[PDB]
Each structure stands twice: as structure tokens, then as C-alpha cells.
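Trainee: Okay, here's the structure, questions in a sec.
We did not get these values from a lab; they are worked out from the coordinates using the rules stated. Cβ placement follows ideal geometry from the backbone for every residue including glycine, while neighbour counts extend to all protein chains displayed.
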Amino acid sequence: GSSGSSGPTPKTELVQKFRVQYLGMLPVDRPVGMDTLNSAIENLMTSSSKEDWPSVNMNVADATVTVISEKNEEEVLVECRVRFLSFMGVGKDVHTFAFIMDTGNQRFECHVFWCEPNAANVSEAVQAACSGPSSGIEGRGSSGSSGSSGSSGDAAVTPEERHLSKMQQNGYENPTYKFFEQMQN
């Protein structure tokens, strides 16, 4: 007679954390389809409200995306891997981020996370994670003291929305995941 406990091994690697909330988890039938991904977002939004969603840190590693809570760091709310990521996109709003991962053979899950202000830096990391290296902070900002002002032309549209839109348009379908038979003759 003697007690005994076992524990896993801690994995420490250059990973970035993003402050976001946790809406919930909604299962999907298809791996792709903006009509399906967005159909899971509202579903969760309806159940729990904005304030109902707990604050959690979204840890996105090189080729992995782990969800850790704020109350604790060892708390793994959801363990997603870019390799499993079948399809990822943004909801009608640029302040929401939902991605569909593979949790088995055909059954896939779709988690959502509220990004503040928007999901420009987030959706940018996850999407870039598929390829590998990410650019991140561009650096080039707004000077302030303009010289020639008084004519129509260069718009004042931020490069943040220009992208956030694309995501909610065509989205990003992980290539690595090619087990289906959608190859045209």
C-alpha cells in the first residue's frame, strides 16, 4: 500500500499570448463554409452574453494554438493545433474570431474568441501560423505633421479593416489538411 501520482511534461516554447474572451464551443458538420462557421458563432453568442464570456489568454505558438485561462496558466481550456485547423474565418464582425479544428475523424469543433479591439493581430497570427514565420508589427505608422494637404486621393483607410474583411470574405483554408476528395479532374 502506497500512494503515487504522475504528471505530464511542461512544454516551453516561444509563444505569443493574446487577451481575449471565451464565448464557447459549437460543433460543425462541414470543415469549411462561412455559412457554417458563422452559424456556430451566433449560437454561442445567444447562450452567453458579452459579459458572460470569461477573460482568457489565447496562446498561439509557432504551429499550435493553446487556450489558457486567466485565473490560472496551467489551465488549458482548449488545445488546438494549426495542423488540425481545417478552416478559419471571422464573423460578420471584425471583433470576433472563430476557427474550426479537427477533434477526431469527421466531427470537427469550432471555437470562438472575442478580440479587442478587433481580430487583426489575432486572425493574423493564426493564419500566418499555417505558413510559419509572421511579420507582425509593421512599424510604419502615422507621422502626423502632413505637408501637402488639400486634395482628393490617398484615403485614410486603416490597413486593419482591409484585412479583417478578407477573413470574413473568403477566409483561410489550411492547405496541409488535404484528406478530402475535392480535387477536380
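Trainee: For the stretch 111-122, just list the computed ³J(HN,Hα) in residue order, Karplus coefficients 6.51, -1.76 and 1.60, θ = phi - 60°, integers in Hz, with x standing in for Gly and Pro.
Mentor: Karplus-based 3J(HN,Hα) across the stretch 111-122 equals 9, 10, 9, 7, 9, 10, x, 10, 9, 7, 6, 6 Hz.
Trainee: Then there is this: Would you please give the residues with an amide H less than 5 Å from that of residue 174, counting only those at least 5 places away or on a separate chain, with H modeled from the backbone geometry?
Mentor: Answer set, sorted by chain and number: 87, 88.
Trainee: Listed here are the pairs 50/71; 71/166; 11/50; 92/178; 71/92; which of them are more than 24 Å apart at the Cα?
Mentor: Check vs 24 Å cut-off fails for 71/166; 11/50; 92/178; 71/92.
Trainee: Now, a different point. To the nearest 500 deg cm²/dmol, what mean residue ellipticity at 222 nm is calculated for the chain from DSSP H runs of n ≥ 4 alone, each contributing -39,500 (n - 2.57), summed and divided by the residues?
Mentor: -5500 deg cm²/dmol
Trainee: Quick one: longest stretch of the chain between exposed loop chymotrypsin sites (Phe, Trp or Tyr not before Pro), exposed meaning at most 11 other C-beta atoms within 10 Å and loop per DSSP?
Mentor: 1-178
Trainee: Name the longest site-free stretch of the chain, where the excluded sites are GluC sites (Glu not before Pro) in a DSSP loop with no more than 15 other beta-carbon atoms within 10 Å.
Mentor: Answer from the scan: 76-137.
Trainee: Residue-wise, which Karplus ³J(HN,Hα) couplings in Hz belong to the stretch 87-99, taking 6.51 cos²θ - 1.76 cosθ + 1.60, θ = phi - 60°, and x for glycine or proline?
Mentor: My calculation for the stretch 87-99 gives 8, 9, x, 10, x, 2, 9, 8, 9, 10, 9, 10, 9 Hz in order.
Trainee: Full extension from residue 148 to residue 43: what is 0.36 nm times the residue separation minus their Cα-Cα distance, to one decimal in nm?
Mentor: Answer, rounded to one decimal: 32.8 nm.
Trainee: Additional query: Using a simple charge model, +1 on the beta-carbon of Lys and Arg, -1 on the beta-carbon of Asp and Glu, nothing else, what dipole does the stretch 17-152 show about its Cα centre, in debye to the nearest 20?
Mentor: Charge dipole of the stretch 17-152: 300 debye, to the nearest 20.
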